[PDB]
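**Student:** Structure provided below as structure tokens; questions to follow.
Virtual Cβ from ideal backbone geometry, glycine too; neighbours counted across all protein chains shown. The numbers here are math on the coordinates, done by the rules we state, and not lab data.
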Amino acid sequence: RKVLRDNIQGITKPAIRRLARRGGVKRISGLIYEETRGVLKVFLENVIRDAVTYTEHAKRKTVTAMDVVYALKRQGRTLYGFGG
Amino acid sequence: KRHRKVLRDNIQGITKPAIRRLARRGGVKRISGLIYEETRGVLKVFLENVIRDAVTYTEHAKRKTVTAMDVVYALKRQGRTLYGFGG
Amino acid sequence: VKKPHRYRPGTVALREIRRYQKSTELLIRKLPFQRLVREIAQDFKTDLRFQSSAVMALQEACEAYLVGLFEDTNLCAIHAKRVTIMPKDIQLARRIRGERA
Amino acid sequence: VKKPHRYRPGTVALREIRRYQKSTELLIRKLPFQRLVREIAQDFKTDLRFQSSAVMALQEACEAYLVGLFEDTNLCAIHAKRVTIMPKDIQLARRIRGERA
Amino acid sequence: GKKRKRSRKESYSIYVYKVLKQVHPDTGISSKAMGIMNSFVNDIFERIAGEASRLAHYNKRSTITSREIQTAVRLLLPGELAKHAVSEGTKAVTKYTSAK
Amino acid sequence: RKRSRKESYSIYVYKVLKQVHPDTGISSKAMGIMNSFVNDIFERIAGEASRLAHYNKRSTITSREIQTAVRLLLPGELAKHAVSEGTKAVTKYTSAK
Amino acid sequence: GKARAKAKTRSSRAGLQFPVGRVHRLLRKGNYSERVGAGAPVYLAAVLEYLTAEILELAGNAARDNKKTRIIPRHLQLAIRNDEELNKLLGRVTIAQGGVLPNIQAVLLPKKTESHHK
Amino acid sequence: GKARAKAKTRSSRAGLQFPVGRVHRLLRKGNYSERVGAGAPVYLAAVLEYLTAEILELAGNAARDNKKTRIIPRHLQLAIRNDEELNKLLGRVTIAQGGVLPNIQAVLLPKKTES
DNA sequence: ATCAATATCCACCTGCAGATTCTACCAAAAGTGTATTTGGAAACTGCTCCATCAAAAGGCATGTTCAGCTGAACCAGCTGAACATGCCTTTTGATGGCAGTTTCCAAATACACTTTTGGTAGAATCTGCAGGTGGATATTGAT
DNA sequence: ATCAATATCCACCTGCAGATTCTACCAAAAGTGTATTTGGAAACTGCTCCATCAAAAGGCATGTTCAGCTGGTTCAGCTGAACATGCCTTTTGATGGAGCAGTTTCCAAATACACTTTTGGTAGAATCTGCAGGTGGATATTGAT
């Protein structure tokens, strides 16, 4: 198991641009990208935090799609299409 | 004609200075003249939805009196939970 | 008539802010609110009655909703390099919170 | 021709908008997202495994969240008589939604 | 215990396909979409049953009847959708009670 | 059977207040807010525990489901202290049978 | 003694396609109430059928406009967001592989040929 | 035969002030699970007690700050909104007669060159 | 408003990745027959609310005055969008212990009953604080 | 900066409506003993995650130019904040009375329990077919002049 470090930078500038394009944004300041990365990291942390908690209750070491769906549900971001 | 006088043009009882005061509690220093009518409409939309749900609870219980608990539950479903009136 | 005092625009507004943010009393008159409530309920069901505490609860909820919206509106106004809130600020605040209609 | 052809700024962006709003494929790369997820998860629990569908679910949620925020951000930018989104627009939108940052 | 162990998993898929064939005879549906509709149905199920439970408990009633379902529908669903759903439910209960 | 029979958490809130700040009273309105608060957190924890048990096909609510619900529902530093208090209470209860 | 008349089902009696029996079992199993009346699952099944038909109807219309005979998630998202009431009910739901509705703010469009006035 | 050792409440055994029997009754009555374990209500009662003590502590501190000996709703709202974790947990809750926190946006105040 | 390049849409065309269709199996629905619980009809209680009205009251409405805001226009220069190279970094395809059954026996907990006694409604008691005077201090504006 | 004009905070006193205590009592917590459920070890087991490598292949980090957007500056028009009177709707405090929430009893009606019989719904293996991608033209876009 290799330690993972400095990986938020793999979410490149053009991918963030593409997402902004889907949002209808025409022009983007250069400082937006790092801010966006931080926002995403916080969201992800909270979801993973809850998903692993469900995992730990069941004494399982594999995070399922349903664990994520429930974590998202309690954060008000219900996701359809990955089960139940 | 027994009771229940018909209620008409009562939204004007939410006067300009009361709205101004609420805006002041919100930290607003200067207010355009067109804000007031819009605000009145916004409040009516909120209330209608709340009363709609409150009266529904009333009807299920076969009651003719709206209780505080009915309102609290109606507000809960709109994500604006109110504390202090029981439950 | 001689040398009358007059405060500049903004000083009294700030004094009113300080006053109302220090206190907790309800700012809308009870009776007109009662009449509004009865009118709205009447359009759904006739001859309804109301407990006094139900109306007080609705008043608390309504005022909390408006204060929160005016705070968000003020941030939108300041964002546009303005100090005066306008209808377009409320519509934006309502759109982002998801209170669309 | 003597000079290579070049579209003016504000045309290719629109073409990209129409293209990505017409399609549904995921716009973030699978591999760096999966690595980031594992990195975040590592600080909470050791020796974790992940189902592939868990990562696809997280990616759909993340992109939908960012898209919604960029829509609201764009309306905040336009509100200030600008066409360029800035960090202050994101901070305002997140403040109005009630998110802690 | 059989030689080849294999589980069971229920879904609303077959009923959605019957309804689809009723509304659009010359139309299919992908597996992902069917999964989305199953998720949708499950969500509305949980919402209505949970709300009906809450209503019954506040009024100290131990039975969930068609009345609580109707009320739940009126609270969760908006306007004309609520009116048409209510009409279909009432029609169904009336046909059931007679068609013993 | 006269006049009626109600119930509240009033007496227990006053004891905690007297233990933490001996020289302090409480208004009736404030006590009502705390009772509403307690009922709300009760419903939230029990409801989440119910959902967890249903997802794991378990018909019993144990101290594990409450603990997990607390970690999901309460934020950061608040959850660790609450969990520590609950754990100490459970160990003292099982010891003092 | 016994006759054992041939089996009929509640969905057939109510004139519905959705399973009344299963909904009944799901209500009993799930801690909703201690007991469940006979009419509740019929009404609920009918409501679910109406909502399913409405969604599938609109998605099928969007599918025909795109000249596709099979419904994909995109067509359901388009159907939901173009219907005011479904959008309200599903205001906080994400449809996987659904995308978003096309919508460009007028201000983002080029000036016009009025800028190319010649 | 029967001796009937005297009763002792579960709260005292757990070292708590909040009850246990009632919480157990409320879990059974409310369709949460078919059965409820003995430890669940102790843990829950302890959690409710800690959070209550936290609110009452901060509210009494605000009371002394205003030189008042009795807690009113205003003090509870001030306590919650000035505490990041309580504000997050109770972000969508309205405390009646609570008012709001004092907060004026810096750019709306007059410029401080006035003398 | 004609001209070069451009991207994008429109008609055939194929095999293939699902999507539909069809047999066998079985958990799970439905059908009888009893027991056990109920929500609705009726009656009786008394108590919370409603209509309306006589008298302050402080709140609101109109009507004046004006400092200061908004919105529009204009310009320096900085910003980020298009676009050409060539390279990392990603994509696909091979290759080599933990989630899900089955059993168990035993920790844990339902169910009925009796016993104790803690909590709660209400009469008495207490007491913190709104309210009201009054003095001394902090903000404010014109000058 | 200097100084009259208004607000704000504190010190003090006093009656009192709301908060705290003492009775009384009764429905619910708690201990005891049967009987019941299912949770954690312990042993399969099969299947699907994890590294690892190798051959592509294309998207993006770098670097370049240059249209045009932002934000600073000025400033004219208007326009809401502030304030002086006079109406006048809200507040209080009764007075009458009226009908409806709450509780109790009894009931035919309705649902669970327990067993047996029977079949639609799932799982897997066989056919159907709609379309991602590719090929070839035709025409709306954009821009330069």
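**Student:** From the set of residues in region C:67-90 that are hydrophobic (A, V, I, L, M, F, W, C) and in a loop (DSSP other than H, G, I, E, B), which is nearest to DNA strand I (Cβ to nearest atom)?
**Tutor:** C:83
**Student:** Only one residue in H:36, H:47, H:42, H:23 is touching a residue at least 24 places away in the same chain (Cβ under 8 Å) and not charged (D, E, K, R). Which one?
**Tutor:** H:42
**Student:** Quick one: which residue in A:6, A:67 is without any contact (Cβ under 8 Å) to a residue 40 or more places away in the chain, among the acidic types (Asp, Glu) and under 28 Å from residue E:33 (Cα atoms)?
**Tutor:** Result: A:67 is the single residue among A:6, A:67 that is without any contact (Cβ under 8 Å) to a residue 40 or more places away in the chain, among the acidic types (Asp, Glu) and under 28 Å from residue E:33 (Cα atoms).
**Student:** Return only the number of the condition from (1) touching a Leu at 6+ places or on another chain (Cβ under 7 Å); (2) of a type in the set (S, T, N, Q); (3) away from chain B (no Cβ under 14 Å) that residue H:94 does not satisfy.
**Tutor:** The single condition residue H:94 does not satisfy is (3).
Listed here are the residues, each with its yes/no results for (1) surrounded by fewer than 20 Cβ atoms within 10 Å (Cβ to Cβ); (2) within 15 Å of DNA strand I (Cβ to nearest atom).
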{"site": "F:56", "(1), (2)": "yes, yes"}
{"site": "F:59", "(1), (2)": "yes, yes"}
{"site": "F:62", "(1), (2)": "yes, yes"}
{"site": "F:65", "(1), (2)": "no, yes"}
{"site": "F:75", "(1), (2)": "yes, no"}
{"site": "F:83", "(1), (2)": "no, no"}
{"site": "F:91", "(1), (2)": "yes, yes"}
{"site": "F:96", "(1), (2)": "yes, yes"}
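**Student:** Under the condition of being closer than 14 Å to residue H:16 by Cα and of a type in the set (D, E, K, R), which residue from region F:55-97 is nearest to DNA strand J (Cβ to nearest atom)?
**Tutor:** Looking at residues that are closer than 14 Å to residue H:16 by Cα and of a type in the set (D, E, K, R), I get F:92.
**Student:** Mind checking which residues of region E:45-69 are among the hydrophobic types (A, V, I, L, M, F, W, C) and within 8 Å of chain G (Cβ to nearest Cβ)?
**Tutor:** Selection gives E:45, E:48, E:49, E:52, E:56, E:64, E:69.
**Student:** Surrounded by fewer than 21 Cβ atoms within 10 Å (Cβ to Cβ) and touching a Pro at 6+ places or on another chain (Cβ under 6 Å), is that true of residue H:2?
**Tutor:** Considered against the rule, which asks whether it is surrounded by fewer than 21 Cβ atoms within 10 Å (Cβ to Cβ) and touching a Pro at 6+ places or on another chain (Cβ under 6 Å), residue H:2 comes out as no.
**Student:** Does region G:44-54 include one or more residues that are more than 10 Å from DNA strand J (Cβ to nearest atom), among the polar types (S, T, N, Q) and buried (at least 21 other Cβ atoms within 10 Å of the Cβ)?
**Tutor:** yes
**Student:** On the basis of being more than 10 Å from DNA strand I (Cβ to nearest atom) and in contact with a strand residue (DSSP E or B) (Cβ under 7 Å, 6 or more places away or on another chain), does residue D:50 make the cut?
**Tutor:** So residue D:50 fits the description; yes.
**Student:** Working only within region H:29-44, note down all residues that are more than 7 Å from every other protein chain (Cβ to nearest Cβ) and farther than 10 Å from residue F:66 by Cβ.
**Tutor:** Once the filter is applied, which keeps residues that are more than 7 Å from every other protein chain (Cβ to nearest Cβ) and farther than 10 Å from residue F:66 by Cβ, region H:29-44 yields H:29, H:38.
**Student:** Which of the residues that make up region C:1-15 are within 12 Å of chain H (Cβ to nearest Cβ) and either near DNA strand J (Cβ under 6 Å from one of its atoms) or under 10 Å from residue B:24 (Cβ atoms) (or both)?
**Tutor:** Selection gives C:7, C:9, C:10, C:11, C:13, C:14, C:15.
**Student:** Out of the residues in region A:30-84 meeting the condition of being within 16 Å of DNA strand I (Cβ to nearest atom) and hydroxyl-bearing (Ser, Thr, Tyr), tell me which one is farthest from the other protein chains (Cβ to nearest Cβ).
**Tutor:** A:33
**Student:** Scan region B:65-86 and give yes if some residue there is of a type outside the set (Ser, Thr, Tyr), exposed (fewer than 15 other Cβ atoms within 10 Å of the Cβ) and either assigned to a helix (DSSP H, G or I) or within 12 Å of DNA strand J (Cβ to nearest atom) (or both), otherwise no.
**Tutor:** So far as region B:65-86 goes, no, none of its residues is of a type outside the set (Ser, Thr, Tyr), exposed (fewer than 15 other Cβ atoms within 10 Å of the Cβ) and either assigned to a helix (DSSP H, G or I) or within 12 Å of DNA strand J (Cβ to nearest atom) (or both).
A quick yes/no check of all residues on (1) touching a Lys or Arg at 6+ places or on another chain (Cβ under 9 Å); (2) of a type in the set (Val, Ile, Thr); (3) under 17 Å from residue D:37 (Cβ atoms):
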{"residue": "A:22", "(1), (2), (3)": "no, no, no"}
{"residue": "A:41", "(1), (2), (3)": "no, no, yes"}
{"residue": "A:45", "(1), (2), (3)": "no, no, yes"}
{"residue": "A:53", "(1), (2), (3)": "yes, yes, yes"}
{"residue": "A:62", "(1), (2), (3)": "yes, yes, yes"}
{"residue": "A:79", "(1), (2), (3)": "yes, no, yes"}
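**Student:** Another question, if that's okay. Consider only pairs whose beta carbons are under 7 Å apart and that are at least six residues apart or on different chains; among these, list those whose first residue lies in region F:14-31 and is more than 7 Å from chain H (Cβ to nearest Cβ) and whose second residue is assigned to a helix (DSSP H, G or I) and within 11 Å of DNA strand J (Cβ to nearest atom).
**Tutor:** F:31/F:10; F:31/F:13
**Student:** Return a yes/no flag: does region A:21-29 have any residue that is charged (D, E, K, R), assigned to a helix (DSSP H, G or I), at the interface with chain D (Cβ under 7 Å from one of its Cβ atoms) and more than 12 Å from DNA strand I (Cβ to nearest atom).
**Tutor:** Checking region A:21-29: at least one residue is charged (D, E, K, R), assigned to a helix (DSSP H, G or I), at the interface with chain D (Cβ under 7 Å from one of its Cβ atoms) and more than 12 Å from DNA strand I (Cβ to nearest atom).
**Student:** Could you please find all residues in region C:21-32 being within 12 Å of DNA strand I (Cβ to nearest atom), surrounded by 14 or more Cβ atoms within 10 Å (Cβ to Cβ) and assigned to a helix (DSSP H, G or I)?
**Tutor:** C:32
**Student:** Specify the residue that is nearest to DNA strand J (Cβ to nearest atom); the eligible residues are those in region A:8-20 that are in a helix (DSSP H, G or I) and within 7 Å of chain D (Cβ to nearest Cβ).
**Tutor:** It comes out as A:15.
**Student:** Still on this model: In contact with a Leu (Cβ under 6 Å, 6 or more places away or on another chain) and either acidic (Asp, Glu) or closer than 30 Å to residue C:82 by Cβ (or both) - does that describe any residue in region D:32-49?
**Tutor:** yes
**Student:** In region F:21-54, what count of residues is obtained for those that are under 17 Å from residue H:58 (Cβ atoms) and within 14 Å of DNA strand J (Cβ to nearest atom)?
**Tutor:** 11
**Student:** While we're looking at this one, here's another question. For the structure I just gave you, tell me whether residue E:1 is surrounded by fewer than 21 Cβ atoms within 10 Å (Cβ to Cβ), closer than 24 Å to residue A:80 by Cβ and either free of Cβ contacts under 8 Å to residues at least 40 places away in the same chain or within 15 Å of DNA strand I (Cβ to nearest atom) (or both).
**Tutor:** No.
**Student:** Could I ask something else about it? State which residue is farthest from residue G:31 (Cα to Cα) when the search covers only region H:1-20 and only residues that are more than 9 Å from DNA strand I (Cβ to nearest atom), more than 8 Å from chain F (Cβ to nearest Cβ) and not hydrophobic (A, V, I, L, M, F, W, C).
**Tutor:** Of everything passing the filter in region H:1-20, H:1 is farthest from residue G:31 (Cα to Cα).
**Student:** State yes or no: is residue B:33 part of a loop (DSSP other than H, G, I, E, B) and either out of contact with any helix residue (DSSP H, G or I) (no Cβ under 7 Å at 6 or more places or on another chain) or farther than 27 Å from residue C:10 by Cα (or both)?
**Tutor:** Yes.
**Student:** Still on this model: Can you tell me which of (1) buried (at least 19 other Cβ atoms within 10 Å of the Cβ); (2) over 18 Å from the mean Cα position of the chain (by Cα) is the one residue F:38 doesn't meet?
**Tutor:** (2)
**Student:** Limited to region G:1-43, what total is found for residues that are among the basic types (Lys, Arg) and near DNA strand J (Cβ under 8 Å from one of its atoms)?
**Tutor:** 6
**Student:** Limited to region G:55-91, what total is found for residues that are closer than 21 Å to residue E:31 by Cβ, within 7 Å of another protein chain (Cβ to nearest Cβ) and surrounded by fewer than 18 Cβ atoms within 10 Å (Cβ to Cβ)?
**Tutor:** Of the residues in region G:55-91, 3 are closer than 21 Å to residue E:31 by Cβ, within 7 Å of another protein chain (Cβ to nearest Cβ) and surrounded by fewer than 18 Cβ atoms within 10 Å (Cβ to Cβ).
**Student:** Then there's this: Residue check: is residue D:16 within 16 Å of the chain's Cα centre (by Cα) and not in a loop (DSSP other than H, G, I, E, B)?
**Tutor:** yes
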